[PDB]
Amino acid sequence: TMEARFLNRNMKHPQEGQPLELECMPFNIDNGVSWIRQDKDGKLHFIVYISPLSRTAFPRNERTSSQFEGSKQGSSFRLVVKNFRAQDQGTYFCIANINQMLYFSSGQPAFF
């Protein structure tokens, strides 16, 4: 089943000012996934969609493309937060959209 996790499964919380790598492991390859961040608010934010070919699409109002990197690394999807700051905290999820049905990963809490 679908999970979003820290690349470093040993860490419990992200470090302020460090690069943060998350991994999404999708039940299906050759379907892309979207990374999203949920505030403690509950408020939901789209970060990036990664195609099976590692093509990325970011939101239009754009700090995002400069603060996050998306890629597919052999069967799994990756999201990198270049410098993890306070405004990046939240619960991160992977979403796959296959035949107009959505599939959600388990979330990864990322709070100092």
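Numbers for residues come from their place in the sequence shown, where the first is 1.
Comparing the deposited coordinates for 62-70 and 75-83, the stretch with the larger average C-alpha B-factor is 62-70.
Remark: stretch with higher mean C-alpha B factor among 36-44 and 22-30 is 22-30. Residue 53: CA B factor in the highest third of modelled residues in this chain (values from the PDB entry). Looking at the C-alpha B-factors along this chain, the one for residue 106 belongs to the middle third.
Among the modelled residues of its chain, residue 97 has a C-alpha B-factor that falls in the middle third according to the deposited record.
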